[PDB]
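Each chain carries a letter (A, B, C, D, E, F and G) given by its place in the written order, and its residues are counted from 1.
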């Protein structure tokens, strides 16, 4: 009861960690282009 | 918000530094010499019946224990105001000057 | 309005505690505060028990004025007097006035029926040793005065015991009315009523429901200068009440209580010059704090808990002792933290 | 007097508190003088202090509370040699009868000795730095089945985090060959593991092993402290030795990654042969590395073995599977099944010989259905103070909790163990020391305090014990050397003293001085009777029995304890001659004859229905337990829970009458905690009266033993096997093996042959009949009374 | 022993309510009970508030001696005095004594401070009226038979009310020593309707509306029922919360004329059936008008009086519909 | 970033606490009216210290609730600004 | 063993969120310093 309901709702929290994984790969590219311009 | 919390790190580390420096100074002083060490070997004795002296001791120990955490929570309190008394004002002007620019946009939209 | 009203109340329990201290030093109260002779049925103990029963039999009808609604009916002061001599209230005075841990070779605590029979014999033994003191004649004048200071010392001891006893029975009557005034109906009314009987500390529960690690750690250790076998009764009944009913921001606060308690390494850090035993009277104290909190948490009844790190379970299992205990808390500790998101919800 | 309070205050308990005065009375006691001493007991009044402890500087005494007071000229009488001892100028300048030094009125003082300059054997240690942390050197067997190795991995990953982050650690996994793994190195080669391999079936000396690994001390190795610019090098370890031994917090990833990589032995094992196992070489290369790198420094070698050794040195049984392992009947009457136990056992004796000169301890965590060879490898754990944990698998609760409390911390977060301990005993001139029994070994330190008689490890006043803990108790045997009673003034008090010089886990020298005072009796032999302590004397005679079984037959030891019981009872009981009805024993001797009744039927001296490994397990833990644990293992404690009894558990005697259907029994024999439920308890809960709400009374009775059994699990090292069983179940055999039958065959076929035939309703209650050939309790009381009164 | 304790605070609390009810029935205490004079701070309310506050303190400290912890520590007696002059104390007395049913012409719920002020004003008006009733001149014999009774009778109620306050402030004092002191400091436990009538349906006390109801049935039967039914058909939903519970206790008083008569120990007043043939007739007028009201959102307080009001009819047609509209419980 | 320095600093505040109580235990050790009156200001200032840190904790808990209004209504600004500009965008698309 | 798989999934995903979080702060700090270096 306590374990099942409280757990199934935190994968609703987990679902945006693929969002911050995606945005990390985009900030890699912005860092790449600014390092492109610094050289 | 972050900057005043490194001021937390520095002042908490300093008050650890001088508190450990007191408890390495009087700690060595009392008991590296044999006679004043034996004052603790007597202590207030490890026996019951506090004898109307060594519980005046004990309430005083809880008294300085309470006044020390009183100082720690009040320094916590005033430094928590530096966290909180910045989310009233600079946020509000963002409401204010987004309102004048947004309403001027609606005023010019009702022109043509 | 509140700090003074606390102040002279804990005077009243402390002064009688230090007075039973001096009473044992000369040796005056011995025949009823020895638990071996209590269960041995000594004939003098039968004299002394009947002395206490006769003394409370006379005190509830010679020194009790009819107060308020007692002044209306005759058989209300009968229920008032009967609530003085009620078994549970004498057992409570026997507990909180710090008697058990200064018994003559106390092996084990006593249940309610025989605990109050000891206290009645304590009221009795005070009476007849004072009657003994007033009985020997003036042979030596200075010995009569050393006997007289002990006689007056024991005279105001008994009228302080029966003042607390008549206070505890005056407590009883207005409470019994408030308990007789009144499955989801009768059964959970009774179990919630049992829950509010043995409540935890109001200060420790409101500290658990407010949240600061230093403030709550203050309250656990300050509560164990109260007598043992009764202070932990506040601790276990406080935590079982609110641990199922905490929000999740305070959830990790409670594990930030658990680690720091059963961890003498993060506490008392590595100092240049330190052999850190010194008063192990205070270092057995934090072992006591960690033991009663965590073991009662194993009997809290909830099945899911939040921990900030793999090191959080791994620090609870450090220290304390092996066997049972960690198998229940660490099985409970399954879902973890994301505490950067608890302050910042997304939806 | 209070003997239990004396253990709580000083950690010592004597068989005789009122001592014999003469040697003639000391032999007519028929029990030699002795005591149990726990050098690391948590005393209720222990006081810790640093200053220079003023020794007696001509004899070796210390200022105990029982000295001369001499408040006029500042010289005091040394309590063992009676010589005047001048105080220094500031140790008695504020002296009066209001100010005293600490050691002149408290017996048990825990000194923390101020560290000297580094003694030219650990080069690189600055003046004022702490002594190095303790070491844990895991030696993991790998020839077990893969599910067994996964549970060993899980317990090891737990244990690697249980050690303090500053402690040292090494790892060796051994199968057919020994692999000394690589933990050190730079951050440039972390991804690939390395392992030095030693050939498992050949003899390599400690000198040779250091030569393959480069750990041998070079003859011209002085470039002394002459590197200005060596970057952050650790000076406690030489760079050659840093590749194997590293701090836990520094090699935590690499020590992790070795562990899940650890699979079983890859070499082919024939189906008619045991797997090839070099357990003996694994301890050899463990001890040789610790010799060169870690000399006289705190080391513990945790050997996780999963069966018998089959190859190289120290190997117990051969490879071919037709031949079986040895047993008690195999040892008593010379079978060929054990042709290799000779140079097995004496190989482990010389490894223990190497271990005590180096100050390293060896602990063994053995887990197998088959025998692991514990009879031959017990010799290290007794010799250096190591512990033995014998379980049936690496996943039962007997192993997980014992390994976990091996690393449990005290109130300061430091380990509850001491290393390199120096237990040193002094006596007055009326009595000397015979020897010691337990986890210690004598050093040959001669002196005037040594007795002629030896009990065990004698010939010294100073014993090595590289491993002690809060439960390690050592038997000390004493003898009174006085010839005549006229040489003693009346009321004379003799004194004895112990010092324990051990490494604390914080890295500092300790010195625990404990002094006791005892009074000699009058020349009458009856005056020593109130001073007798039967509980400690039972531990004394049991320990001396199990030491004498090492060299002599266990049968001859049984006759010895029988005739010593006859002499002791006849001397200390009041009775008329040849009148058994007038027999009576005092309170101090009332339960002592029952102790040897359970001693002669215990597994310590009886070799029936046991393996020699299991017997070696009981004998190893008996030699290091304290008085309460020794009483538990010699007499199982049975407690009864019932509705008719309110409050504490009721101690019932170990008979079939205690097996009642409506009660719950709790058995405690130091190796099995058994929560057995009655026949009627199982009858009510079969349909489940404890579950349904109208009969919640036995719900409370069922959960009642789960609290006290939890208590006797926590304070106990090693943890016992936890068995919960019902009536008629297969797990009730643990209780039935210890429960004696109340009805014997002699009581039935000895009379009353016809008043039993014809009455009553087809049986009653189904009594349980237990078959045994042991003499019952009441019969041996009658035989002992008859023999003592007749003599 | 426990249930005889139940019966006697049942006898005492019910006699608390009925002696204040009968003292109003004859009528001698009206200045401080009217809410307009409370909310205007006229001299009569200020005098009874000052005298009531004065006597209530003096009764604790002088009329009640040391009874316990005050035998030695006078601070414990001072906290006894503070607990009886407590703020939420006197509102708790106000609720259990149901003085909100006895106040006149107030349509809103009283807060904690105002309810304490009106209770303290009742004590004060008991004081001044006792002052002059014992200070009347002994002149005329027919009045002499009156206030030789009603002087010491009003005296009997004068102490009685302020001493029922004594335990109701005592259980505050006891509630302190589990809240502020540690909980283990105390033992554990075992169209054109009648326009005068209209606004007094949602303003005033049952006593202050009964004297209209006696003369409303005095009209001929066609017009008497006419001014009643059309009034409450449009005014029953207007009675909210506290006023919603005035009409519920209205059903209890008129239709159950058993506790209107004081159950004095040895005396119970009686009424003929001809006196009740109009009072119970207008009571059943209220019942059957509440029947066509159809106010589904009706509310009650206690479960005792609904079993009385269904039984006051004897099993009529309205008995099914009383249970179909009172279904929600609200306290205060 | 702010939570990782919050967690270490509550541990460092614990490092203040037990070094403080071990200081006050040893400072009140050596040191040197009636006894029955000098227990009284000692423990009435225990009740007064109990009252001041109970009220101050209630103040600090209120200071948590206002500071944790950080992203509860800055993001409510950014919601209301986005949909009020999206109603303009939908009308322009129409 | 469905519950055992669900807790194990959020064992290695909370730790992965910590890793991708603290190193996203490294790249965000890297973007500002790269702007200041080009300044």
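Rule of thumb we're sticking to: a residue touches a chain if its C-beta (ideal position, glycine included) is under 8 Å from a C-beta of that chain, and two chains touch if they have at least 3 such contacts.
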Most central chain, judged by mean Cα position vs. mean of all protein Cα atoms, is C
Larger contact count among A-C and C-E belongs to C-E
With chain centres taken as the means of their Cα atoms, state the distance from chain A to chain B in Å.
36
Taking the mean of the CA coordinates per chain, how far is chain D from chain E in Å?
80
Between chain B and chain D, centroid-to-centroid distance (C-alpha), Å
49
Centroid from C-alpha atoms only, then distance chain B to chain E, rounded to Å. What do you get?
55
Chain A residues counted as touching two or more neighbouring chains
3, 7, 10
Which chain B residues sit where two or more other chains touch them?
16, 20, 23, 27, 40, 46, 52, 62, 65-66, 69, 72-73
Numbers and ranges of chain C residues touching at least 2 other chains
2, 4, 6, 10-11, 212, 214-215, 218, 268-269, 278, 334-335, 338, 340
Chain D residues within the chain B interface of the complex:
44-45, 47, 49-51, 91, 94, 99-102, 105-106
The answer for chain F against chain C in the complex is residues 3, 7, 10-11, 13-15, 17-19, 21-22, 25-26, 36, 39-40, 43-44, 47-48, 50-51, 53-54, 57-58, 60-61, 64, 68, 70-71
Write out the stretch or stretches of chain A touching chain G in their complex.
3-4, 7, 10-11, 14, 17, 20-21, 23-24, 27-28, 30-31, 34-35, 37-38
Could you please specify the touching residues of chain B with respect to chain C in the complex?
16, 20, 23-24, 27-28, 46, 48-52, 55, 58, 62, 65-66, 69, 72-73
Residues on chain C engaged by chain F in the complex (per definition of touch):
2-4, 6-7, 10-11, 14-15, 203, 206-207, 210-215, 217-218, 256, 260, 266-269, 278-279, 282, 308, 339-340, 343-344
